Amino acid sequence: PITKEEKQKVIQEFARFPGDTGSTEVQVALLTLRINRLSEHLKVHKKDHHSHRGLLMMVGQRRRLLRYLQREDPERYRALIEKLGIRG
Amino acid sequence: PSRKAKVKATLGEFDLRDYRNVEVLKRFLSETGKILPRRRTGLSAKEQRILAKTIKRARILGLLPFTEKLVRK
Amino acid sequence: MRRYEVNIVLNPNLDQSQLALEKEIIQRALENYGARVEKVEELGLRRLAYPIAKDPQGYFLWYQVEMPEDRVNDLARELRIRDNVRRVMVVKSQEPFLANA
Amino acid sequence: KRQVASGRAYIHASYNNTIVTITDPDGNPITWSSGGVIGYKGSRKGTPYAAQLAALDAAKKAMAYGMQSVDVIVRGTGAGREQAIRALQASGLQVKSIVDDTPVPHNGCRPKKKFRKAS
RNA sequence: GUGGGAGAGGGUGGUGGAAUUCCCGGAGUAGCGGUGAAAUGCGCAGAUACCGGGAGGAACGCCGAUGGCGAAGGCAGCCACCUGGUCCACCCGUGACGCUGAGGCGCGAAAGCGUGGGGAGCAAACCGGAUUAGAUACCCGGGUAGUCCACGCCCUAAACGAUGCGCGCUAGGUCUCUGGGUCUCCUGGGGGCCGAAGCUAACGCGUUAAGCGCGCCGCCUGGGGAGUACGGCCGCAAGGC
Ligand SMILES: [K+]
Ligand SMILES: [Mg+2]
Ligand SMILES: [Mg+2]
Ligand SMILES: [Mg+2]
Ligand SMILES: [Mg+2]
Ligand SMILES: [Mg+2]
Ligand SMILES: [Mg+2]
Ligand SMILES: [Mg+2]
Ligand SMILES: [Mg+2]
Ligand SMILES: [Mg+2]
Ligand SMILES: [Mg+2]
Ligand SMILES: [Mg+2]
Ligand SMILES: [Mg+2]
Ligand SMILES: [Mg+2]
Ligand SMILES: [Mg+2]
Ligand SMILES: [Mg+2]
Ligand SMILES: [Mg+2]
Ligand SMILES: [Mg+2]
Ligand SMILES: [Mg+2]
Ligand SMILES: [Mg+2]
Ligand SMILES: [Mg+2]
Ligand SMILES: [Mg+2]
């Protein structure tokens with residue numbers, strides 16, 4: 001699954017400052033974690049469609065938070081995209 | 001009938017999650033192996049459906065009967 | 001790491017060397033699948049509510065262990081390879097839920 | 001050549017007939033009778049009178065093997081299984097128990113159309 | 001974000017007992033079966049009923065609900081693993097990041113198609129027995145595709161709450177599932193029934209609107225001809241849009 005220790009690592013990685021949990025950066029991090037997990041599980045289990053929908057949803061949320069970020073702070077969006085390898 | 005006396009009244013404090021404990025559990029099924037209706041056990045929906053799952057575990061363990069024969073008749 | 005209860009039921013007609021051998025081999029199965037053994041309750045020969053391998057009784061071993069999840073099923077399957085073992089039921093541990101208290 | 005004297009008496013009762021099979025405490029049949037065994041031919045076989053005659057003829061042929069007491073098992077529900085019980089009640093056999101073994105599946109097979117609205 | 005939760009939500013692997021069918025063995029004898037009544041059928045190569053053993057497929061009694069989960073189709077033995085959605089409490093983080101959504105892509109009961117397995121019960125077609133004036137039917141005895149699995153197609157439906165999605169507002173009572181609380185009762189979140197105001201042609205609907213508003217999408221414009229014809233697209237086909 002995803003253990004709390006792991007999730008913590010990614011938050012305490014991606015926070016803007018000590019104490020930040022819900023900022024855009026951290027969210028797109030977590031979202032991406034979860035996504036990469038889910039597509040690993042969907043490489044096998046090609047038959048599991050009901051989870052796959054959930055991943056479509058996850059993906060869409062990711063892309064939206066990104067659309068926002070890039071509307072505000074293009075250099076920080078460059079940052080995120082460099083870190084998680086997304087959009088390319 | 002069937003509202004006469006209810007099971008959970010008689011029994012004291014007990015683990016509903018224990019499949020290993022026969023003596024508590026055997027109370028909750030009928031003359032046949034059948035798990036008893038709510039009115040007869042008098043448990044909440046949650047309780048009932050938990051007892052189900054632990055009874056079925058106990059069954060697979062060979063502890064409680066899957067079914068019995070009806071005497072009298 | 002997670003907490004499971006391993007339910008093993010053996011044949012009641014075993015002599016002592018045979019019993020100690022089986023438990024030796026179940027021990028080895030646990031050791032070699034990476035499971036730490038927290039507790040054991042051995043109840044023993046007890047009347048089944050229906051025949052198992054056309055046997056009116058059954059021999060009851062209970063373990064409480066903690067092992068890596070990815071291996072669980074393998075371990076369980078290992079325990080069934082043995083001839084003298086009749087049921088093996090392996091359940092994840094969950095704290096009591098007690099009605100009427 | 002038996003000398004059985006205590007046994008099992010099975011009543012298999014459907015909508016179309018009855019069969020009493022009387023056997024030994026191991027379960028091997030000592031004798032059996034039925035609706036058609038007694039004279040009856042058509043539908044009249046699922047008639048409680050016929051069920052009486054059958055269970056009775058059975059108990060007769062049974063005391064011929066020198067049987068005294070028996071334990072009844074009843075499979076099936078349908079006209080006059082009870083009348084077969086009543087035949088055996090006093091047929092001249094002391095009946096120790098009565099049971100109901102009528103099988104039911106946990107839904108294995110798909111019943112014929114006649115029997116549908118189930119599985 | 002953190003802390004709890006319920007659940008037949010999905011996928012993979014494993015195991016359980018009941019039941020049917022067949023086979024092997026013991027005992028036993030003249031029928032069993034089936035209907036309104038019968039006949040075909042099976043049975044002295046020993047059935048039916050009965051006890052013991054084996055094999056194999058399929059489905060999960062009780063619990064089971066007026067219950068629950070899911071976007072829908074749909075989901076029910078038990079266990080573990082992988083995994084989706086959702087609800088509550090705290091009021092901690094970000095700071096309008098929101099809604100809808102023509103195209104597109106994906107899912108999509110059943111039947112059906114392809115290749116390879118599997119095949120117990122049931123069962124179109126078929127073969128028979130009855131019934132009837134006839135009976136291509138209803139009833140009875142058989143039985144193939146099929147129903148099951150893997151992969152790939154097909155894309156329909158009374159795919160129904162015949163009720164598009166989202167947010168705000170407008171009496172209550174009652175029953176219920178699942179959280180939290182100062183646990184009678186209050187308070188979130190689902191499922192039902194009765195009903196204020198209102199709406200409605202009526203029936204009905206009525207904080208789970210069919211009320212009062214706003215945003216956006218789909219769609220309608222007399223019946224038959226007709227979901228036909230022509231054309232295009234998709235499909236191996238059947239056929240679909
Ligand atoms: K429609
Ligand atoms: Mg008849
Ligand atoms: Mg489920
Ligand atoms: Mg003949
Ligand atoms: Mg002969
Ligand atoms: Mg076969
Ligand atoms: Mg029911
Ligand atoms: Mg439905
Ligand atoms: Mg979950
Ligand atoms: Mg705050
Ligand atoms: Mg601020
Ligand atoms: Mg389809
Ligand atoms: Mg199909
Ligand atoms: Mg096919
Ligand atoms: Mg037919
Ligand atoms: Mg409907
Ligand atoms: Mg209400
Ligand atoms: Mg409510
Ligand atoms: Mg009014
Ligand atoms: Mg109303
Ligand atoms: Mg016109
Ligand atoms: Mg059409």
# chains A, B, ... in the order shown; residues from 1 in each chain; ligands from 1
$ residues_near_ligand --ligand "ligand 10" --cutoff "12 Å" --atoms "only C-alpha atoms (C1' of nucleotides) and all ligand atoms" --output "ChimeraX atom specification"
/A:20-22 /E:1,90-95
$ write_last_selection --atoms "N, CA and C atoms (P, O5', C5', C4', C3', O3' and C1' of nucleotides)" --output "PDB file, in the first residue's frame"
ATOM      1  N   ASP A  20       4.109  22.912   6.233  1.00  0.00           N
ATOM      2  CA  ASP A  20       3.179  22.834   5.129  1.00  0.00           C
ATOM      3  C   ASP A  20       2.802  21.390   4.834  1.00  0.00           C
ATOM      4  N   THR A  21       1.510  21.087   4.895  1.00  0.00           N
ATOM      5  CA  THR A  21       1.029  19.822   4.357  1.00  0.00           C
ATOM      6  C   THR A  21       0.307  20.067   3.016  1.00  0.00           C
ATOM      7  N   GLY A  22      -0.785  20.815   3.000  1.00  0.00           N
ATOM      8  CA  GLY A  22      -1.591  20.914   1.791  1.00  0.00           C
ATOM      9  C   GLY A  22      -1.276  21.847   0.608  1.00  0.00           C
TER      10      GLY A  22
ATOM     11  P     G E   1      -3.770  13.956   1.921  1.00  0.00           P
ATOM     12  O5'   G E   1      -2.935  14.213   3.263  1.00  0.00           O
ATOM     13  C5'   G E   1      -1.794  15.063   3.311  1.00  0.00           C
ATOM     14  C4'   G E   1      -1.560  15.597   4.708  1.00  0.00           C
ATOM     15  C3'   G E   1      -1.876  14.646   5.848  1.00  0.00           C
ATOM     16  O3'   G E   1      -0.812  13.751   6.096  1.00  0.00           O
ATOM     17  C1'   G E   1      -2.814  16.754   6.319  1.00  0.00           C
ATOM     18  P     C E  90     -15.191  18.464  15.455  1.00  0.00           P
ATOM     19  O5'   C E  90     -13.606  18.658  15.444  1.00  0.00           O
ATOM     20  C5'   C E  90     -12.819  18.119  16.500  1.00  0.00           C
ATOM     21  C4'   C E  90     -11.341  18.227  16.231  1.00  0.00           C
ATOM     22  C3'   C E  90     -10.854  19.574  15.732  1.00  0.00           C
ATOM     23  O3'   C E  90     -10.689  20.508  16.783  1.00  0.00           O
ATOM     24  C1'   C E  90      -9.853  17.820  14.472  1.00  0.00           C
ATOM     25  P     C E  91     -11.154  22.022  16.558  1.00  0.00           P
ATOM     26  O5'   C E  91     -10.446  22.401  15.187  1.00  0.00           O
ATOM     27  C5'   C E  91      -9.067  22.755  15.155  1.00  0.00           C
ATOM     28  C4'   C E  91      -8.708  23.352  13.823  1.00  0.00           C
ATOM     29  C3'   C E  91      -9.289  24.750  13.567  1.00  0.00           C
ATOM     30  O3'   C E  91      -8.338  25.788  13.211  1.00  0.00           O
ATOM     31  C1'   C E  91     -10.132  23.154  11.951  1.00  0.00           C
ATOM     32  P     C E  92      -7.227  25.718  12.047  1.00  0.00           P
ATOM     33  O5'   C E  92      -6.358  24.457  12.443  1.00  0.00           O
ATOM     34  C5'   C E  92      -5.101  24.597  13.052  1.00  0.00           C
ATOM     35  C4'   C E  92      -4.037  23.917  12.225  1.00  0.00           C
ATOM     36  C3'   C E  92      -3.951  24.319  10.756  1.00  0.00           C
ATOM     37  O3'   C E  92      -3.241  25.527  10.558  1.00  0.00           O
ATOM     38  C1'   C E  92      -3.852  21.969  10.932  1.00  0.00           C
ATOM     39  P     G E  93      -3.609  26.492   9.336  1.00  0.00           P
ATOM     40  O5'   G E  93      -2.846  25.859   8.083  1.00  0.00           O
ATOM     41  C5'   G E  93      -1.458  25.539   8.104  1.00  0.00           C
ATOM     42  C4'   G E  93      -1.029  24.803   6.842  1.00  0.00           C
ATOM     43  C3'   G E  93      -1.340  25.491   5.514  1.00  0.00           C
ATOM     44  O3'   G E  93      -0.388  26.477   5.166  1.00  0.00           O
ATOM     45  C1'   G E  93      -2.034  23.254   5.380  1.00  0.00           C
ATOM     46  P     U E  94      -0.864  27.854   4.511  1.00  0.00           P
ATOM     47  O5'   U E  94      -1.304  27.422   3.053  1.00  0.00           O
ATOM     48  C5'   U E  94      -0.324  27.122   2.077  1.00  0.00           C
ATOM     49  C4'   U E  94      -0.967  26.579   0.830  1.00  0.00           C
ATOM     50  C3'   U E  94      -1.700  27.572  -0.033  1.00  0.00           C
ATOM     51  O3'   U E  94      -0.805  28.292  -0.841  1.00  0.00           O
ATOM     52  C1'   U E  94      -2.958  25.583   0.176  1.00  0.00           C
ATOM     53  P     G E  95      -0.944  29.877  -0.926  1.00  0.00           P
ATOM     54  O5'   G E  95      -2.434  30.046  -1.484  1.00  0.00           O
ATOM     55  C5'   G E  95      -2.755  29.656  -2.823  1.00  0.00           C
ATOM     56  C4'   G E  95      -4.237  29.718  -3.116  1.00  0.00           C
ATOM     57  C3'   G E  95      -4.817  31.120  -3.290  1.00  0.00           C
ATOM     58  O3'   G E  95      -5.990  31.057  -4.108  1.00  0.00           O
ATOM     59  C1'   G E  95      -5.779  30.110  -1.423  1.00  0.00           C
TER      60        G E  95
END
$ residues_around --residues "residue E:38" --least-positions-apart "5" --cutoff "10 Å" --atoms "only C-alpha atoms (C1' of nucleotides)" --output "list in words"
residues 42 and 43 of chain D; 129, 130 and 140 of chain E
$ residues_near_ligand --ligand "ligand 17" --cutoff "9 Å" --atoms "only C-alpha atoms (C1' of nucleotides) and all ligand atoms" --output "VMD selection string"
chain E and resid 173 to 175 192 to 193 208
$ residues_near_ligand --ligand "ligand 6" --cutoff "8 Å" --atoms "only C-alpha atoms (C1' of nucleotides) and all ligand atoms" --output "list in words"
residues 22, 55, 56, 57, 119 and 120 of chain E
$ write_last_selection --atoms "N, CA, C and O atoms (P, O5', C5', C4', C3', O3' and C1' of nucleotides)" --output "PDB file, in the first residue's frame"
ATOM      1  P     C E  22     -26.770 -40.607 -12.974  1.00  0.00           P
ATOM      2  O5'   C E  22     -25.314 -41.143 -13.309  1.00  0.00           O
ATOM      3  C5'   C E  22     -24.736 -40.827 -14.563  1.00  0.00           C
ATOM      4  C4'   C E  22     -23.240 -41.040 -14.569  1.00  0.00           C
ATOM      5  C3'   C E  22     -22.720 -42.321 -13.924  1.00  0.00           C
ATOM      6  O3'   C E  22     -22.792 -43.450 -14.786  1.00  0.00           O
ATOM      7  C1'   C E  22     -21.407 -40.473 -13.225  1.00  0.00           C
ATOM      8  P     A E  55     -11.128 -38.002  -5.286  1.00  0.00           P
ATOM      9  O5'   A E  55     -11.755 -37.759  -6.731  1.00  0.00           O
ATOM     10  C5'   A E  55     -11.161 -38.385  -7.862  1.00  0.00           C
ATOM     11  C4'   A E  55     -12.009 -38.275  -9.106  1.00  0.00           C
ATOM     12  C3'   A E  55     -12.444 -36.874  -9.481  1.00  0.00           C
ATOM     13  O3'   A E  55     -11.417 -36.190 -10.170  1.00  0.00           O
ATOM     14  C1'   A E  55     -14.281 -38.349  -9.653  1.00  0.00           C
ATOM     15  P     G E  56     -11.031 -34.680  -9.803  1.00  0.00           P
ATOM     16  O5'   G E  56     -12.061 -33.812 -10.642  1.00  0.00           O
ATOM     17  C5'   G E  56     -12.206 -34.030 -12.033  1.00  0.00           C
ATOM     18  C4'   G E  56     -13.586 -33.657 -12.500  1.00  0.00           C
ATOM     19  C3'   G E  56     -14.039 -32.265 -12.138  1.00  0.00           C
ATOM     20  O3'   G E  56     -13.475 -31.287 -12.985  1.00  0.00           O
ATOM     21  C1'   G E  56     -15.781 -33.792 -11.693  1.00  0.00           C
ATOM     22  P     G E  57     -13.191 -29.811 -12.425  1.00  0.00           P
ATOM     23  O5'   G E  57     -14.567 -29.053 -12.651  1.00  0.00           O
ATOM     24  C5'   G E  57     -14.964 -28.728 -13.975  1.00  0.00           C
ATOM     25  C4'   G E  57     -16.450 -28.554 -14.105  1.00  0.00           C
ATOM     26  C3'   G E  57     -17.022 -27.349 -13.406  1.00  0.00           C
ATOM     27  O3'   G E  57     -16.900 -26.188 -14.191  1.00  0.00           O
ATOM     28  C1'   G E  57     -18.319 -29.244 -12.904  1.00  0.00           C
ATOM     29  P     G E 119     -13.976 -31.928 -18.388  1.00  0.00           P
ATOM     30  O5'   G E 119     -15.553 -31.776 -18.374  1.00  0.00           O
ATOM     31  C5'   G E 119     -16.196 -31.144 -17.282  1.00  0.00           C
ATOM     32  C4'   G E 119     -17.521 -30.560 -17.690  1.00  0.00           C
ATOM     33  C3'   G E 119     -18.540 -31.539 -18.217  1.00  0.00           C
ATOM     34  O3'   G E 119     -19.135 -32.280 -17.161  1.00  0.00           O
ATOM     35  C1'   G E 119     -18.509 -29.586 -19.569  1.00  0.00           C
ATOM     36  P     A E 120     -19.561 -33.826 -17.320  1.00  0.00           P
ATOM     37  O5'   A E 120     -21.068 -33.742 -16.807  1.00  0.00           O
ATOM     38  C5'   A E 120     -21.538 -34.575 -15.766  1.00  0.00           C
ATOM     39  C4'   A E 120     -22.065 -33.806 -14.568  1.00  0.00           C
ATOM     40  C3'   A E 120     -23.472 -33.237 -14.611  1.00  0.00           C
ATOM     41  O3'   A E 120     -24.494 -34.223 -14.539  1.00  0.00           O
ATOM     42  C1'   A E 120     -22.036 -31.749 -13.483  1.00  0.00           C
TER      43        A E 120
END
$ closest_residue --among "A:65, A:28, A:15, A:58" --to "chain E" --atoms "only C-alpha atoms (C1' of nucleotides)"
A:65
$ interface_residues --of "chain D" --to "chain E" --cutoff "7 Å" --atoms "only C-alpha atoms (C1' of nucleotides)" --output "short mmCIF file (atom, residue, chain, number, x, y, z; two decimals) with C-alpha atoms, in the first residue's frame"
data_model
loop_
_atom_site.label_atom_id
_atom_site.label_comp_id
_atom_site.auth_asym_id
_atom_site.auth_seq_id
_atom_site.Cartn_x
_atom_site.Cartn_y
_atom_site.Cartn_z
CA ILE D 19 -40.94 -45.65 -0.60
CA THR D 21 -36.93 -48.93 2.91
CA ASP D 26 -25.47 -50.37 9.51
CA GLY D 27 -27.90 -49.06 6.91
CA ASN D 28 -28.07 -52.05 4.52
CA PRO D 29 -31.66 -52.74 3.46
CA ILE D 30 -33.47 -55.63 5.08
CA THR D 31 -36.51 -54.97 2.85
CA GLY D 36 -46.45 -49.60 -6.68
CA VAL D 104 -31.35 -29.23 0.72
CA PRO D 105 -28.51 -27.85 -1.37
CA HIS D 106 -26.57 -24.69 -0.48
CA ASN D 107 -27.48 -23.81 -4.09
CA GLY D 108 -25.31 -25.98 -6.17
CA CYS D 109 -27.39 -26.84 -9.19
CA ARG D 110 -29.88 -25.14 -11.37
CA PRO D 111 -33.30 -26.69 -10.91
CA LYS D 112 -35.46 -27.64 -13.92
#
$ closest_atom_pairs --of "stretch 27-68 of chain B" --to "stretch 28-49 of chain C" --cutoff "8 Å" --atoms "only C-alpha atoms" --output "CSV"
residue,atom,partner,partner_atom,distance
B:62,CA,C:48,CA,5.4
B:63,CA,C:49,CA,5.4
B:64,CA,C:49,CA,5.4
B:65,CA,C:49,CA,5.2
$ interface_residues --of "chain E" --to "chain A" --cutoff "9 Å" --atoms "only C-alpha atoms (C1' of nucleotides)" --output "number ranges by chain"
E: 1, 9-12, 70, 82-85, 92-94, 97, 106-107
$ select_by_dssp --residues "chain D" --states "alpha helix (DSSP H)" --output "PDB file with C-alpha atoms, in the first residue's frame"
ATOM      1  CA  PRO D  48     -51.569 -41.199   1.927  1.00  0.00           C
ATOM      2  CA  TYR D  49     -53.618 -44.408   1.981  1.00  0.00           C
ATOM      3  CA  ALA D  50     -51.123 -45.881  -0.409  1.00  0.00           C
ATOM      4  CA  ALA D  51     -48.397 -44.502   1.811  1.00  0.00           C
ATOM      5  CA  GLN D  52     -49.942 -46.297   4.754  1.00  0.00           C
ATOM      6  CA  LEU D  53     -50.254 -49.592   2.891  1.00  0.00           C
ATOM      7  CA  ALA D  54     -46.636 -49.278   1.860  1.00  0.00           C
ATOM      8  CA  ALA D  55     -45.162 -48.489   5.203  1.00  0.00           C
ATOM      9  CA  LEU D  56     -47.281 -51.193   6.621  1.00  0.00           C
ATOM     10  CA  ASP D  57     -46.357 -53.840   4.096  1.00  0.00           C
ATOM     11  CA  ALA D  58     -42.785 -52.844   4.813  1.00  0.00           C
ATOM     12  CA  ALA D  59     -43.186 -53.357   8.571  1.00  0.00           C
ATOM     13  CA  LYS D  60     -44.832 -56.740   7.896  1.00  0.00           C
ATOM     14  CA  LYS D  61     -41.986 -57.990   5.659  1.00  0.00           C
ATOM     15  CA  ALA D  62     -39.664 -56.561   8.316  1.00  0.00           C
ATOM     16  CA  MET D  63     -41.033 -58.494  11.307  1.00  0.00           C
ATOM     17  CA  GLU D  82     -47.082 -38.295   7.799  1.00  0.00           C
ATOM     18  CA  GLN D  83     -49.475 -41.079   7.029  1.00  0.00           C
ATOM     19  CA  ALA D  84     -46.470 -43.328   6.606  1.00  0.00           C
ATOM     20  CA  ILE D  85     -45.236 -42.164   9.970  1.00  0.00           C
ATOM     21  CA  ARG D  86     -48.702 -43.095  11.292  1.00  0.00           C
ATOM     22  CA  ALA D  87     -48.527 -46.498   9.666  1.00  0.00           C
ATOM     23  CA  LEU D  88     -45.256 -47.150  11.499  1.00  0.00           C
ATOM     24  CA  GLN D  89     -46.568 -45.431  14.646  1.00  0.00           C
TER      25      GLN D  89
END
$ residues_near_ligand --ligand "ligand 16" --cutoff "8 Å" --atoms "only C-alpha atoms (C1' of nucleotides) and all ligand atoms" --output "VMD selection string"
chain E and resid 158 160 to 161
$ write_last_selection --atoms "C-alpha atoms (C1' of nucleotides)" --output "PDB file, in the first residue's frame"
ATOM      1  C1'   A E 158     -38.434  -1.715 -19.640  1.00  0.00           C
ATOM      2  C1'   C E 160     -35.971   2.506 -15.428  1.00  0.00           C
ATOM      3  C1'   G E 161     -36.448   6.344 -10.315  1.00  0.00           C
TER       4        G E 161
END
$ select_by_dssp --residues "chain D" --states "strand (DSSP E or B)" --output "NGL selection string"
:D and (6-13 or 18-23 or 29-34 or 69-75 or 94-100)
$ write_last_selection --atoms "N, CA, C and O atoms" --output "compact mmCIF listing (two decimals), in the first residue's frame"
# COMPACT_ATOMS: atom_id res chain seq x y z
N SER D 6 -33.54 -54.80 15.54
CA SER D 6 -33.55 -53.36 15.71
C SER D 6 -32.95 -52.76 14.47
O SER D 6 -31.97 -53.30 13.94
N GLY D 7 -33.50 -51.64 14.02
CA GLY D 7 -33.04 -51.10 12.75
C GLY D 7 -33.38 -49.66 12.40
O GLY D 7 -33.78 -48.88 13.27
N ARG D 8 -33.19 -49.33 11.13
CA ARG D 8 -33.50 -48.02 10.60
C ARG D 8 -34.63 -48.10 9.59
O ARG D 8 -34.63 -48.98 8.76
N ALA D 9 -35.60 -47.19 9.67
CA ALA D 9 -36.72 -47.18 8.72
C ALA D 9 -36.79 -45.86 7.97
O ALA D 9 -37.05 -44.82 8.55
N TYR D 10 -36.55 -45.90 6.66
CA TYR D 10 -36.46 -44.67 5.89
C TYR D 10 -37.72 -44.46 5.10
O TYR D 10 -38.23 -45.39 4.46
N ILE D 11 -38.24 -43.25 5.14
CA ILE D 11 -39.43 -42.94 4.40
C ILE D 11 -39.11 -41.89 3.38
O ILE D 11 -38.85 -40.75 3.75
N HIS D 12 -39.12 -42.25 2.11
CA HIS D 12 -38.80 -41.28 1.09
C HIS D 12 -40.09 -40.93 0.39
O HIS D 12 -40.62 -41.74 -0.37
N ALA D 13 -40.57 -39.71 0.62
CA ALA D 13 -41.93 -39.34 0.21
C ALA D 13 -42.00 -38.11 -0.67
O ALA D 13 -41.68 -37.01 -0.24
N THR D 18 -44.55 -43.02 -2.47
CA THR D 18 -43.75 -43.21 -1.26
C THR D 18 -42.89 -44.49 -1.34
O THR D 18 -43.28 -45.50 -1.95
N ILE D 19 -41.71 -44.45 -0.74
CA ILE D 19 -40.94 -45.65 -0.60
C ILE D 19 -40.47 -45.79 0.82
O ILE D 19 -39.70 -44.97 1.31
N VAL D 20 -40.91 -46.83 1.50
CA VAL D 20 -40.27 -47.17 2.75
C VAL D 20 -39.18 -48.21 2.53
O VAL D 20 -39.43 -49.27 1.98
N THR D 21 -37.96 -47.91 2.95
CA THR D 21 -36.93 -48.93 2.91
C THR D 21 -36.53 -49.20 4.34
O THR D 21 -36.08 -48.29 5.03
N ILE D 22 -36.72 -50.43 4.81
CA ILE D 22 -36.27 -50.75 6.16
C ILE D 22 -34.98 -51.53 6.16
O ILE D 22 -34.89 -52.53 5.49
N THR D 23 -34.00 -51.06 6.92
CA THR D 23 -32.65 -51.61 6.95
C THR D 23 -32.10 -51.88 8.37
O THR D 23 -32.76 -51.63 9.39
N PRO D 29 -30.24 -52.41 3.47
CA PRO D 29 -31.66 -52.74 3.46
C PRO D 29 -31.96 -54.19 3.78
O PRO D 29 -31.40 -55.11 3.22
N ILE D 30 -32.86 -54.35 4.73
CA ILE D 30 -33.47 -55.63 5.08
C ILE D 30 -34.65 -55.94 4.14
O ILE D 30 -34.90 -57.09 3.81
N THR D 31 -35.31 -54.89 3.69
CA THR D 31 -36.51 -54.97 2.85
C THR D 31 -36.97 -53.58 2.46
O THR D 31 -36.61 -52.58 3.08
N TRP D 32 -37.82 -53.51 1.45
CA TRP D 32 -38.41 -52.26 1.10
C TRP D 32 -39.75 -52.51 0.46
O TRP D 32 -39.95 -53.53 -0.21
N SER D 33 -40.67 -51.58 0.66
CA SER D 33 -41.96 -51.58 0.00
C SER D 33 -42.21 -50.24 -0.70
O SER D 33 -41.38 -49.34 -0.63
N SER D 34 -43.33 -50.09 -1.39
CA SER D 34 -43.65 -48.82 -2.02
C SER D 34 -45.10 -48.73 -2.45
O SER D 34 -45.91 -49.61 -2.16
N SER D 69 -37.85 -53.12 17.11
CA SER D 69 -37.78 -51.68 17.24
C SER D 69 -36.99 -51.01 16.10
O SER D 69 -36.04 -51.57 15.55
N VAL D 70 -37.39 -49.78 15.76
CA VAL D 70 -36.78 -49.09 14.63
C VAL D 70 -36.65 -47.57 14.83
O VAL D 70 -37.41 -46.97 15.58
N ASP D 71 -35.68 -46.96 14.15
CA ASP D 71 -35.50 -45.51 14.15
C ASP D 71 -35.84 -44.92 12.78
O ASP D 71 -35.17 -45.21 11.78
N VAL D 72 -36.87 -44.09 12.74
CA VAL D 72 -37.32 -43.53 11.48
C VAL D 72 -36.51 -42.33 11.04
O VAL D 72 -36.19 -41.46 11.85
N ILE D 73 -36.17 -42.32 9.76
CA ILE D 73 -35.63 -41.16 9.07
C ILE D 73 -36.53 -40.76 7.89
O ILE D 73 -36.98 -41.61 7.14
N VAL D 74 -36.82 -39.48 7.74
CA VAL D 74 -37.80 -39.05 6.75
C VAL D 74 -37.20 -38.10 5.74
O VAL D 74 -36.79 -37.01 6.08
N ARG D 75 -37.15 -38.51 4.48
CA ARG D 75 -36.66 -37.63 3.43
C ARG D 75 -37.78 -37.26 2.50
O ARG D 75 -38.53 -38.11 2.01
N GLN D 94 -42.06 -50.69 17.69
CA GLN D 94 -41.74 -49.61 18.59
C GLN D 94 -40.76 -48.77 17.84
O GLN D 94 -39.74 -49.28 17.37
N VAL D 95 -41.09 -47.48 17.74
CA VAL D 95 -40.31 -46.47 17.03
C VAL D 95 -39.52 -45.62 18.02
O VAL D 95 -40.10 -44.86 18.79
N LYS D 96 -38.19 -45.74 18.03
CA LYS D 96 -37.37 -45.03 19.01
C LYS D 96 -37.22 -43.53 18.72
O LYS D 96 -37.40 -42.70 19.61
N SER D 97 -36.89 -43.17 17.48
CA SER D 97 -36.74 -41.77 17.12
C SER D 97 -37.49 -41.43 15.83
O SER D 97 -37.99 -42.31 15.14
N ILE D 98 -37.62 -40.15 15.53
CA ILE D 98 -37.98 -39.71 14.18
C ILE D 98 -37.10 -38.53 13.82
O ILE D 98 -36.85 -37.65 14.62
N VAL D 99 -36.60 -38.51 12.60
CA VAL D 99 -35.71 -37.45 12.19
C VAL D 99 -36.20 -36.84 10.88
O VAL D 99 -37.10 -37.38 10.24
N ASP D 100 -35.71 -35.68 10.50
CA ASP D 100 -35.98 -35.22 9.15
C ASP D 100 -34.69 -34.94 8.41
O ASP D 100 -34.03 -33.96 8.66
$ residues_around --residues "residue A:35" --least-positions-apart "4" --cutoff "9 Å" --atoms "only C-alpha atoms (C1' of nucleotides)" --output "compact mmCIF listing (two decimals) with N, CA, C and O atoms, in the first residue's frame"
# COMPACT_ATOMS: atom_id res chain seq x y z
N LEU A 30 2.21 13.89 -3.77
CA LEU A 30 1.38 12.78 -3.29
C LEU A 30 0.55 12.12 -4.38
O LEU A 30 0.56 10.90 -4.53
N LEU A 31 -0.17 12.93 -5.13
CA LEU A 31 -0.91 12.47 -6.29
C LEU A 31 -0.02 11.64 -7.19
O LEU A 31 -0.36 10.53 -7.56
N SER A 39 -0.57 2.61 -11.41
CA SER A 39 -0.26 2.13 -12.74
C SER A 39 0.69 0.94 -12.65
O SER A 39 0.70 0.06 -13.53
N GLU A 40 1.50 0.89 -11.59
CA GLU A 40 2.21 -0.35 -11.35
C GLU A 40 1.21 -1.51 -11.15
O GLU A 40 1.28 -2.53 -11.84
N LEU A 55 -7.93 5.83 -11.16
CA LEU A 55 -6.71 6.44 -11.65
C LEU A 55 -6.95 7.55 -12.68
O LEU A 55 -6.27 8.56 -12.65
N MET A 58 -7.61 10.46 -10.47
CA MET A 58 -6.36 10.94 -9.89
C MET A 58 -5.57 11.77 -10.87
O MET A 58 -5.10 12.86 -10.55
N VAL A 59 -5.44 11.24 -12.06
CA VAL A 59 -4.71 11.88 -13.12
C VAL A 59 -5.26 13.26 -13.42
O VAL A 59 -4.51 14.23 -13.38
$ residues_near_ligand --ligand "ligand 7" --cutoff "12 Å" --atoms "only C-alpha atoms (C1' of nucleotides) and all ligand atoms" --output "MDAnalysis selection string"
(chainID B and resid 37) or (chainID D and resid 118) or (chainID E and resid 61:65 67 76)
